[PDB]
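**Student:** Provided hereafter are the protein sequence and its experimental coordinates.
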Amino acid sequence: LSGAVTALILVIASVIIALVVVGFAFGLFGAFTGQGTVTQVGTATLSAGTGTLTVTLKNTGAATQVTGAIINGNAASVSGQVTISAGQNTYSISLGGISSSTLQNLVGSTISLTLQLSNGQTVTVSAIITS
């Protein structure tokens, strides 16, 4: 009599476990699709006198936040409007840890930027240097 009881106990347990795994997979699907996608729209004028980006990031997910930036192969620090709101907006972020002598000489030229986002993906930014 033990064989049948064991069979049904294991069958019910397997049904429960399979349902749990399938539900977890679908929940992971939902979590990943709305994970937060951030891209660059338009240019990003960068000031050289003090250092203040004017990037225009368009995000279609969770309200993430920038955690850092890379300038000339150096780890910078970001302060300002650091909280990335949902929806396309004009953001005024301020960089840090750059000497105001190298960047000042490049007024009117273009460089390439990267923002260190909190959801694990970086965004490449093209910039115009301005006074």
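**Tutor:** All right, it came through fine. Numbers count the residues shown, from 1 in each chain.

**Student:** Who does the residue nearest to the spatial centre of the chain form a beta bridge with?
**Tutor:** By Cα atoms, centre = their mean, the chain has its centre lying nearest to residue 117, at 3.4 Å. The bridge-partner assignment for residue 117, based on DSSP bridges, gives residue 66.

**Student:** What residues does it make contact with?
**Tutor:** 38, 64-67, 84, 123 (Cβ atoms under 8 Å, 6 or more residues apart in numbering). All C-beta atoms are positioned from the backbone trio N, CA, C, and that covers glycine.

**Student:** Out of the residues you listed, which end up buried?
**Tutor:** Among the contacts of residue 117, those classed as buried by neighbour count (16 or more other Cβ atoms under 10 Å) are 38, 64-66, 84, 123.

**Student:** Okay, residue 124 and residue 33: tell me how far apart.
**Tutor:** Using Cβ to Cβ, to the nearest Å, residue 124 is found at 23 Å from residue 33.
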